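Below: the structure, in structure tokens.
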Amino acid sequence: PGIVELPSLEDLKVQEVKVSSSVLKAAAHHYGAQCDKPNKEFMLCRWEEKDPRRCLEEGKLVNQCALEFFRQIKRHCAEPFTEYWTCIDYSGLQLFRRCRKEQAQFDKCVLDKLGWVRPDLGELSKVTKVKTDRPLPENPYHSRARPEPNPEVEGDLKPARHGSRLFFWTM
Amino acid sequence: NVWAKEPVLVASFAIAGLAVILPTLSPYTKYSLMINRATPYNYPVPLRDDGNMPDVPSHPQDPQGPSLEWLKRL
Amino acid sequence: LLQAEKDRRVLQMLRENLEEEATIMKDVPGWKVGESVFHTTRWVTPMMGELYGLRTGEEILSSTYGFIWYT
Amino acid sequence: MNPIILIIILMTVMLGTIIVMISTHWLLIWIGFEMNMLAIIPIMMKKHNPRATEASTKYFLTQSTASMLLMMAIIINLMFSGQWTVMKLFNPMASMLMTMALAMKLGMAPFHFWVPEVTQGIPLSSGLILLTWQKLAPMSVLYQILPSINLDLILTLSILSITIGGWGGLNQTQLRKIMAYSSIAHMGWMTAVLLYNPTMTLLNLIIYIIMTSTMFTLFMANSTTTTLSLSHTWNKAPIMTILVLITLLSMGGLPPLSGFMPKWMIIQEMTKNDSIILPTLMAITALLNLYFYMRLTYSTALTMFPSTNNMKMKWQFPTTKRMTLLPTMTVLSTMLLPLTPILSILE
Amino acid sequence: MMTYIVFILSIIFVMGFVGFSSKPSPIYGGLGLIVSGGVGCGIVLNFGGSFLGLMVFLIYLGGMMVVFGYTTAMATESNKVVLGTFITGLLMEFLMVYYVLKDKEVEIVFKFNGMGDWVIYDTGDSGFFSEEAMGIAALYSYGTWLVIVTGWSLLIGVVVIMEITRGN
Amino acid sequence: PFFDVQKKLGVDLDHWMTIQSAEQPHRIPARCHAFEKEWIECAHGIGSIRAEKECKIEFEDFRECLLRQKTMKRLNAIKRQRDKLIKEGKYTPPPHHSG
Amino acid sequence: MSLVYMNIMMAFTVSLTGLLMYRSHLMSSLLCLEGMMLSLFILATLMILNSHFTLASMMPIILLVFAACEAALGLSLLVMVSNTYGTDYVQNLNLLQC
Amino acid sequence: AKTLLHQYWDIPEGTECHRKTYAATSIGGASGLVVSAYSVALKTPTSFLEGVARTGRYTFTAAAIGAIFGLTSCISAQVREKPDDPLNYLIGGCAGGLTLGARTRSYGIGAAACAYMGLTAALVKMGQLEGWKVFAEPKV
Amino acid sequence: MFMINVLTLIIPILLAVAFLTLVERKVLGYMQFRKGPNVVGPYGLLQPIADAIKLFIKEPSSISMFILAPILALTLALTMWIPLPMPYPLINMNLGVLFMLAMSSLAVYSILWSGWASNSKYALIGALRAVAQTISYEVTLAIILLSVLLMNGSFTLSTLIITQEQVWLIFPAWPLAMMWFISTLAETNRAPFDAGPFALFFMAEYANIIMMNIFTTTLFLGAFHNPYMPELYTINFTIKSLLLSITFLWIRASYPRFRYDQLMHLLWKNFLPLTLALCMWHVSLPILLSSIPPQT
Amino acid sequence: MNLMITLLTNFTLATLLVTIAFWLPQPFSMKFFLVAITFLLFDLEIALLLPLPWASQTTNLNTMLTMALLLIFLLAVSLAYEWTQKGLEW
């Protein structure tokens, strides 16, 4: 059987978001609106071709988008955003109803200094169009062609030939 | 009569009869269906753009497409 | 974002383990070196033994069976 | 019992067979066999003698272990190629256990010991429903899984069933064990054709069911258990004699009579293969099982036994049951030689 | 204290089935079958494993052996054959464990790769709804026919039980 | 025999239980989805015997998806050769965490 | 195949031998049928879970409720026998001879 | 089994002797195992030592039939020098039937076994020679 | 440290049981008319410690069955406070109410094994009837548990202790809760609803009692959960469980035992239609009030 | 291994307490049977019913409503059948 081919190690060094998970949930929605215009290109590549080792460059592109977004939120307002995510951090499985007043504080911060309307329910949905340079690929299910049809039935049928053609009981 | 001999039997038939008959007529079942439909478990896919169709809003803040709004609006 | 990191991590472990399959059987007869078992070059998802081999206990237990009798 | 309860239970036996005939999903087949068992138990023990208790106990143990072995075959099928399509299996082991599940189900010679035991210890109505429906429904299962059968299974079980159901029957004077031995004989004839042209097997199924319904209605003409009771049926009625004659020789299968249509066409589209030694051996043992039919005939309808007074007292009264469907099944079971081109009615 | 806990629990499972397949007194049999069902539930709850074995733990070990012990206590109430078959079944267990361990493959009529196997297994994929629990959360949307015939066979089992135990 | 009331009444009330590639209740696949879809579309309008002549490759591919027995065979051969080389004396192990 | 599947099938066939050969009581025979039910349950369940074949997850629970009512029918029959005799031996079934 | 009957029919008949006799004793061991298994399964021997005696009797009779039949097969084929006739196996089947009757220590069982075993062994070689298919086509 | 969690879980329940014995004897005295025990020890606490000591000292089947009944009863008594969310439960079981039912069934096994090993026909038929009236109420317990968590979505029970912040759940199903509480009285095998080592057997009985009290208090009511200070929630929860346990005493000391056939007749023909009708009403109704709870 | 360790500690402390408790000295009724099988069948119908709240979020609410009422109605009908047919008398 045929052997596989992968990109080597020197293709897979892209600097990654080495932040934790609690803060990454804490800044979810405004990441969903500010960036993530080109990650749906990554998602479209991933669904139309279920072959990573084909779509990874859009992964690099969304990696650098998210890194730029966290650079932008670090070097500006808010510093009590850090208090916000460490406030949601110790509340078990995370709820958005518990540490809510600091979320409104962080939202007042971002609306005054920068903008970034928090999106409504259910605006992180609502199936989306996008277009790229690449075409839709042929046979993403890698296979042969389907072999043959049936030699099928076409034409009327006559009366039966001389009867049953059993031992007797002719006609 | 019908009540004194088996009272809990009558009360059980009564609340069972309303639990059968009452799910027919209600002003709320369409709300139950829409709430139950519009909660996305899986991921709503992006697609190759269009055959120039007047739907499928591009931005997630573009108000063309279908929207859930009555959670805030009772 | 997590899907992109997961793609890069599973490709990393596949590259590591195929490099070490090339090393660990350096002189055996027969034996083509990189045999995919299948007949269609699509993307198999591997079966968490090629993602996790030769680890001796710690990461394999705390990365496969850890969740089930955790929580 | 209530007649409400029996109409419900007969409706459920029908429902189990229709679910087995109708589905495309293996769990539905297993549930059909189980529901058929569950409902068919209280048709037995309509009385309360220990005979029926022991008979239903034996039938329950053999039938339930057959059903669990069938579920084992399904689970092997999905340990291999995994889909619930009732089709070709993907393991000779799965097909092996599945054929042995049916061979315990409807009675074949390694697995047949329960059949005369359970048919003696019950009344005739329970025996009627068990033979007819319990041998109708799993033939549908075999017709659905015919492309993936090791033929040595059906060959061995079929030949051995014909010869065991033949040799048992020379000794039994009880009517019900005679009828069960005849049942195993026709199970051999209905099973050995299967991997060649199954339209033969399904027509043989319809033939056997019509014959056995005629036979049990004639033994419900009055409740008879030995042959001596049938000699007294001679003394009390003349036409039951000639119908026992014609239907017994049609169970024997002689060419002017309609019990020969199963043998004849099956030998034909059996030897348009080149199995010849197997058909001629099957037909020799088919000559063998006709003997106990013939000694029953000689006992009652042809000789005349001594009989008993109080049959004088029985002469006045009518034999005033309703026969369920007697005349239609009689002359449709016996005079149906010149309609063998109604073979191809089936598909 | 090691990796192959699935194989270990499966050894205890085979031990339990042998321990009541040697035909003891039936309440020793019920004890052994309770232990067997408990470790089978442990096995399926180790393959993730959220619901379904624990679901049946109520039924098979909560609603069956009770009735067996009940009908054993109100029916009726050491030997060399039982203990001999138990020791020989244990010996076949020991021999099959040895051929798994110090060989490569074991064949009864199959091929079994002889090593303890977490493989195959999920690759940490995002479920978020606990797949088998939502599988059991079918039968009530798509399951039209199946629960109909199932409840129908339950009702027929009811009337059958009472008729055989002397309706009316 | 077998009837087709399932077909004539039209409501496929049992053809949802049957295979994958259907309405799984929240739309997820199984582990071996695409193998089943390929083998079914191989042998769809085929008379079940030239299917056995010309769908053997994808059916073996499907069985190797479901069982992964050959992949385990190769994996076990790798591990036992690893054991004999680490017993014999080549590379007191660096192949994890220290490349 | 795997390692666990061989041991579950070995447990099944030992349970089947315990079902078939059985010495004195019938309660132990029906109890071994219950053990065989458990074996088929566990086998089908681990198959469906390892496949992540989420769709037909009906199999194990419906298999067990049905083979449960099979065992209910069996217990009714066994208690009927033990009523109409003294015990539930394989003896007292010696009548109705072949 | 398929393996030992295939060993028996592998050797040309023909003179490659006494392998035929050993294969026929394997036939006897298999037949004796079958008959002895069903017989001790359907008797309750009471007790087990007598069951061992019954099994030993059946296996010894079947193995003796196989041994004597293989010896007379090989010897008759060497003497008459015609490896195609069925009459040598007719003589062989009659000889096996007579020795079956003598180990059962009778006369009529031996003579009828001579006749039927001879005619059936003639049918066996006659069908293997002209060519009659084993147990199936299964085609049409 | 996790072993310290284990020991603080399963050791102080024994002191809880012993002090429950003194509390139920004292309060049933003050119900009846009795001071006491107040002589041995100050206000009667050394008296139950000496009760357990003296019962350990004394010098009293099939040692298999004779030991495997109380070992199973008391390991049930130990294992059965695993997922009860005293705010942080010891194991966050994603489904635990079905575990409650299963371990009630294992207690049925324990009583049947001790009755079989008792080996005397009067004790055998007594233990048989006690098994039947222990098993006759796990139907009702299961179906009421089903209907009360259908209002709250998931088996997790931590979502339940979330959802009872707004109202105490005793209000939106009061007759259903009342019938569950009567079935807890039946399952605990006390009045009105009715050989060794009796220390172990007795111990497992009372631990099952306090389990049902705590599970009642968690399943139906509670307090508002303070962020980062669960001590106040634990206090108000414990006081509610204790007031319900005193209420359980209060029902104990005032009613005769039922006749057994009256007990069965009452269960089937009086609970069983009423539970079914209330449960189908809790099936059909949250789909009618635009309110199906979020399984997460 | 958390709950396995807890389970094992419960078993070991219970065995310790049993060994301290031990070492320091050193015809029938048919009506009994119908209770068990009645429990068994209604417990099976319980086993069908109780995964309902996992299911209670579908898009075909009418079908779930109808088959759920079918299940409880059949349970009450089986109760009604044994009720009319004096199935638990004493």
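Using the alpha-carbon centroid of each, what span in Å lies between the range I:214-234 and the range A:146-167? The distance from the Cα centre of the range I:214-234 to that of the range A:146-167 comes to 79 Å.
Most tightly packed first, judged by the mean number of other beta-carbon atoms within 10 Å of their residues, the peptides C:46-54, H:128-136 read C:46-54, H:128-136. Other protein chain C-beta atoms within 10 Å of residue C-beta, averaged over D:158-167: 0. Panel order for G:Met37, D:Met220, by other beta carbons found within 10 Å of each beta carbon, from fewest to most: D:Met220, G:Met37. As an exercise, take the mean of 1/r over every pair of distinct alpha carbons in chain B, invert it, and state the Kirkwood radius in angstroms. This gives a value of 17.5 Å.
One quarter of the convex hull surface built on the alpha carbon atoms of chain C amounts to 6.8 nm², the projected area averaged over directions. Normalising the Debye intensity of chain H to I(0), with uniform scatterers on Cα atoms only, and taking log10 at q = 0.16, 0.22 Å⁻¹ returns -0.90, -1.36. The helix-based estimate of mean residue ellipticity at 222 nm for chain I, built from -39,500 (n - 2.57) per DSSP H run of four or more residues and divided by its residue count, is -21500 deg cm²/dmol to the nearest 500.
Note on chain I: Cα-Cα pairs beyond 33 Å make up 27% of the total pair count. The alpha carbons of the range D:74-199 stretch over 50, 26, 25 Å along the principal axes, in descending order. Of the residues A:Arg75, A:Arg144, I:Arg190, the one with the fewest other Cβ atoms within 10 Å heads the list, and the complete ranking is A:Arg75, A:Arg144, I:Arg190. Working note: Debye formula, equal point scatterers on the alpha-carbon atoms of chain D, no solvent; log10 I(q)/I(0) at q = 0.13, 0.15 Å⁻¹ is -1.04, -1.38.
Residue by residue, the range J:73-90 carries 3J(HN,Hα) couplings of 6, 5, 4, 5, 6, 5, 4, 5, 5, 6, 5, 6, 9, 6, x, 10, 9, 9 Hz when phi is fed to the Karplus relation 6.51 cos²θ - 1.76 cosθ + 1.60 (θ = phi - 60°); x denotes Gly or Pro. Counting only other chain Cβ atoms within 10 Å of each residue's Cβ, the peptide D:211-224 averages 0.
Peptide D:19-27 has a mean of 6 when you count, residue by residue, the C-beta atoms of other protein chains within 10 Å of its C-beta.
Summing charges over neighbours of A:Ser143, with a neighbour being any other residue whose Cβ is under 11 Å away from its Cβ, gives 0 when K and R count +1 and D and E count -1. Summary of the geometry: the range A:75-130 and the range F:36-93, compared by the centres of their Cα atoms, lie 48 Å apart. Of the three principal axes defined by the Cα atoms of the range J:1-85, the extents in descending order read 65, 48, 11 Å.
Over the range D:261-347, one equal point on each Cα, no solvent: what is log10 I(q)/I(0) by the Debye formula at q = 0.10, 0.17, 0.18 Å⁻¹? Results for the range D:261-347 at q = 0.10, 0.17, 0.18 Å⁻¹ read -0.52, -1.04, -1.09.
Computed over chain G, the range of Cα coordinates on each principal axis works out to 51, 24, 22 Å, biggest value leading.
Just how far, in whole angstrom, is the range H:1-67 from the range I:1-73 if you go by their alpha carbon centroids? Each part's Cα centre sits 73 Å from the other's. Quick one: grab the alpha carbon gyration tensor of the range A:1-137, order the square roots of its eigenvalues as a ≥ b ≥ c, and give me rounded if a/c is under 1.5, else prolate or oblate depending on whether a/b is larger than b/c. Because a/c hits 1.5 or more and a/b exceeds b/c, the range A:1-137 counts as prolate.
Over the Cα atoms of the protein assembly as shown, the radius of gyration divided by the Kirkwood radius equals 0.99; this is the Rg/Rh ratio.
Protection proxy ranking, highest mean first, for peptides E:32-45, A:96-109, E:112-125: E:32-45, E:112-125, A:96-109, where packing is the per-residue count of other beta-carbon atoms within 10 Å, averaged. Peptide packing: for E:11-18, F:10-17, B:66-73, the average count of neighbouring Cβ atoms within 10 Å per residue gives the ranking E:11-18, F:10-17, B:66-73, highest mean first. Excluding same-chain neighbours fewer than eight residues apart, the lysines reachable from A:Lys13 by a Cα-Cα span under 28 Å are A:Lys25, A:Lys37, A:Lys40, A:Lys50, A:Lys60, A:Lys74, A:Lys131, C:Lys6, C:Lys26. Taking a ≥ b ≥ c as the square roots of the eigenvalues of the alpha carbon gyration tensor, the range E:2-165 is oblate, as a/c is not under 1.5 and a/b does not beat b/c.
Bear in mind that the values in this text are calculations on the coordinates, not laboratory data. As a convention, Cβ positions derive from the backbone with ideal geometry for all residues, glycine included, and neighbour counts pool all protein chains shown.
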